[PDB]
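Engineer: Need coordinates for the below:
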Amino acid sequence: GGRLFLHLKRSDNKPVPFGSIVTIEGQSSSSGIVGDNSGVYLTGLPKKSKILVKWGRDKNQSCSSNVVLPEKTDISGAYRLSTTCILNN
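Structural biologist: Numbers count the residues shown, from 1 in each chain. The relevant structure is shown in the block below.
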């Protein structure tokens, strides 16, 4: 599958909080954890995914992102991608 470093930034231009939990939309278990440079490393992904990034239970404490990988198959490396995490408010 696809592996990538994903740099997330909130729609309000703040970094995503260090320690936020990343999940595939529709799944309850963790996929990864946002680190101290507001990035996460993810593997086993299809070409197009949707993720939830969460650091609390209230309004404006989670955000949603699409994750679109380039088409190329059969490579061993990792993409360095960026996307917006749109706040759920």
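
Engineer: And residue 28, how close does it get to residue 44?
Structural biologist: From residue 28 across to residue 44, the span is 17 Å (CB to CB, to the nearest Å). Just so you know, the C-beta spots here come from the backbone N, C-alpha and C atoms, and that holds for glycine as well.

Engineer: Kindly apply the preceding question to residue 76 instead.
Structural biologist: For residue 76 relative to residue 44 (CB to CB), the value is 14 Å.

Engineer: Also residue 2?
Structural biologist: 8 Å.

Engineer: Comparing those two, which residue is more hemmed in?
Structural biologist: residue 2 (20 against 8; other CB atoms under 10 Å).

Engineer: which residues sit in contact with residue 28?
Structural biologist: Going by CB atoms under 8 Å, 6 or more residues apart in numbering, residue 28 touches no other residue.

Engineer: how about the strands in the protein?
Structural biologist: 2-10, 21-24, 32-33, 39-45, 48-54, 62-68, 79-87 (DSSP state E).

Engineer: For stretch 30-47, give me every contacting residue.
Structural biologist: Contacts of stretch 30-47 (CB under 8 Å, 6+ apart): 1-9, 15-24, 51, 53, 67-69, 71, 78.
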